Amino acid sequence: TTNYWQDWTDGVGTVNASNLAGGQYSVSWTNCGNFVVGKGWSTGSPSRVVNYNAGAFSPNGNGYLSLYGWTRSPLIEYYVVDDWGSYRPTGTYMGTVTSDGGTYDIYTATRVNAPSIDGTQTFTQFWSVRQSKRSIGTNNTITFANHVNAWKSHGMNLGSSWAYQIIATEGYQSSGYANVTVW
């Protein structure tokens, strides 16, 4: 089961997040800045099989629902995006990976002197973004090892030092409503 609860916001606008029982959380937001809220594990693993059921995911504007986490050395922010609102995230195309019923475009991107888990840093993002939005309200699996191994094939090697790893609701200058259970 999950061991970790993440409730990060940049403080802009209103973001209310609830650490519910077990692997369940909710978040409502109105005119946010940036936030990342979710449940998962304080130490990520490249072979974790993650399951979730989003009882609701209704961004009004830009929001993502993703497997999400960080590694250090090097500093990498990574995503497996299953759902999004008005904006599909993209970067530099590297290939695709097919896993758990979805086909995902793989992207890289550099973030230069940008906010990170260590303040202002230059770091890299590894993205798997589903080509279509996954169904909401269903029990959904993310077999993360498939993404890790697809990324490796394109030289997107994750750092050796693992930080947290969560199914995350992320908003950018938007409003919305999400309720998600993770296991």
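What we label the rigid core is the largest C-alpha set whose atoms superpose within 1.5 Å from one form to the other. Numbering starts at 1 and runs along the sequence shown.
When the other structures are laid on the shown form by the rigid core, the stretch among 111-119 and 41-49 with the greater C-alpha deviation in 6 other deposited structures of this protein turns out to be 111-119. Higher mean CA temperature factor between 166-174 and 7-15: 7-15, per the PDB entry. For the two regions 112-120 and 136-144, the entry's Cα B-factors average higher over 112-120.
In this structure the maximum Cα B-factor among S42, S153, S66, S26 is found at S153. When the modelled residues of the chain are ordered by C-alpha B-factor, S128 sits in the lowest third. Among the modelled residues of the chain, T98 sits in the middle third by CA temperature factor in this PDB entry.
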